[PDB]
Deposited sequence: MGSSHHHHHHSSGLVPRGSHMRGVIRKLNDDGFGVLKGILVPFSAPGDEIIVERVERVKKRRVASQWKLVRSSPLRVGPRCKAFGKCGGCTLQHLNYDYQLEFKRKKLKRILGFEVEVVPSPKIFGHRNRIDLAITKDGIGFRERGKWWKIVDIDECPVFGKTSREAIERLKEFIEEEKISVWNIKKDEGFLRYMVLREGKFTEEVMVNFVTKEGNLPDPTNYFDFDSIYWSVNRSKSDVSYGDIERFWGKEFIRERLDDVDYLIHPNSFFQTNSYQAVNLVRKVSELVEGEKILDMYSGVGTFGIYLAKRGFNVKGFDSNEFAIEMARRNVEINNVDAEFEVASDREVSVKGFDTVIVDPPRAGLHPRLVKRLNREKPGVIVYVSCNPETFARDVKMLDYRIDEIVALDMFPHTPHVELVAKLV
């Protein structure tokens, strides 16, 4: 009886409530609940069925949005506290300017039983609109159902992993009102999508790999080759296969903030991607060199340099090998793995006077600052990811 009943007192780091040891997703501190069945997962007990007996006062759909039943102020509190446990000290979480309509890219699985996101890998949640992306998704999804029905398009059967059409990935410039649709399919032939959509760019991508990925090789496009997003005075070309900061309104704060934290004239944009921070800084007359191991990112960074009339130099390079000799500030914005030991080595050997570390993984961040011959001087967290447990750190190291 009572071992399966109680009030939730805390959420763990992934945002799941904990009831007397049981993990209970989509619960809130102050909820009073009864766990009707548990499973074993990664050797922890997870409630698979539970009943809400009394609502938490912290209570108020998207894929990954495991905090969405929580009011937004409490999401920010959970983040402050998560960051304070982890980093051992206190850090402001800047709220996202918009918490609906903020997201500039979504992947919708297109499946035999519905268009939407995965629940349950087999089971699709069918949606008519994605509020984190916003109202463009309603129009895209109704146009997509007409396209599939009139053209009799083969859609993904996820039990059997078969079918031609697998994702519609929607991208939009929040500050430009340009919209891009990308159809991700298997091998085969996509009918002309032209007269079914009214967007700036339509892409067809073929994923020839065996992975379940919401991108593939560009097979063809109609309309614009690129759309644009604009962060203050800076334009960035958006393409289906390059990464861009997913919350355009917090990305504004993110670029503003990095440019406040840097020192000198010589900036290394390390792990630059498409040049978000290097190029915003080149436009405010800094002197910029960036490096990224991804070749296509670098190509996009160079196309972005061209459209922004700045002079910033981007090259392909690995962090096992990039040199940091000669700079006033190094910006690092590493992948999940964190800083390569060799680059920390070379940074401690050359010690540039400021490193600005941008991270979405506060624990790898702290692992790396303790490996660095450097002190956290300033740190601010930005709520780049409303409704999920993730947060983004910007720290000035010295």
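Trainee: Note down, first to last, the deposited-sequence stretches for which the model contains no C-alpha atom.
Mentor: Several regions go unmodelled: 1 to 17, 78 to 85, 145 to 146.
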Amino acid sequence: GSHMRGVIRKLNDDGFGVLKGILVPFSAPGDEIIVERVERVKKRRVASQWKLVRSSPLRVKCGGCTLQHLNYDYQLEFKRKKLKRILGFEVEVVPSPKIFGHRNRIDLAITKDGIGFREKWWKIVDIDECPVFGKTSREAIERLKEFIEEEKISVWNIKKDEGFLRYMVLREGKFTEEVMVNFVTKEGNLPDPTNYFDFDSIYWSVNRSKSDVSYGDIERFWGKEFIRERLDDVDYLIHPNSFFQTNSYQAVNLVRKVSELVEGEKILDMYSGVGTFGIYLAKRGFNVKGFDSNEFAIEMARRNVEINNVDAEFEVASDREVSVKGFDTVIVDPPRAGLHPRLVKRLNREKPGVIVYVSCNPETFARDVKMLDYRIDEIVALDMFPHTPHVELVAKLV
From here on, numbers count along this sequence of modelled residues.
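Trainee: Can you tell me whether 27 to 35 has a higher mean C-alpha B factor than 339 to 347 in this record, or the other way round?
Mentor: Per the PDB record, 339 to 347.
Trainee: Out of 309 to 317 and 235 to 243, which one has CA B-factors that are higher on average in the deposited record?
Mentor: Mean B over CA atoms: larger for 309 to 317.
Trainee: Which one of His102, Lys112, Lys224, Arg256 shows the top CA temperature factor in the record?
Mentor: Answer for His102, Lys112, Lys224, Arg256: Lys112, with the highest C-alpha B-factor.
Trainee: Using the entry's values, work out which of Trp121, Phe78, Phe175, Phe199 has the largest Cα B factor.
Mentor: Answer for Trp121, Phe78, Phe175, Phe199: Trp121, with the highest C-alpha B-factor.
Trainee: Mind checking which third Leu382 falls in for C-alpha B-factor across the chain?
Mentor: Within its chain, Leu382 is a middle-third residue by C-alpha B-factor, going by the deposited values.
Trainee: So where's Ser323 on the chain's Cα temperature factor ranking, which third?
Mentor: Highest third - that is where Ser323 ends up once the chain's C-alpha B-factors are sorted.
Trainee: Is the Cα B-factor recorded for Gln49 in the lowest, middle or highest third of its chain?
Mentor: CA B-factor rank for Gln49: highest third.
Trainee: Should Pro191 be placed in the lowest, middle or highest third of its chain by the C-alpha B factor in the entry?
Mentor: Tercile = lowest for this residue's CA B-factor.
Trainee: Among all modelled residues of this chain, ranked by Cα B factor, put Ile331 in the bottom, middle or top third, i.e. lowest, middle or highest.
Mentor: It belongs to the middle third of the chain when residues are ordered by C-alpha B-factor.
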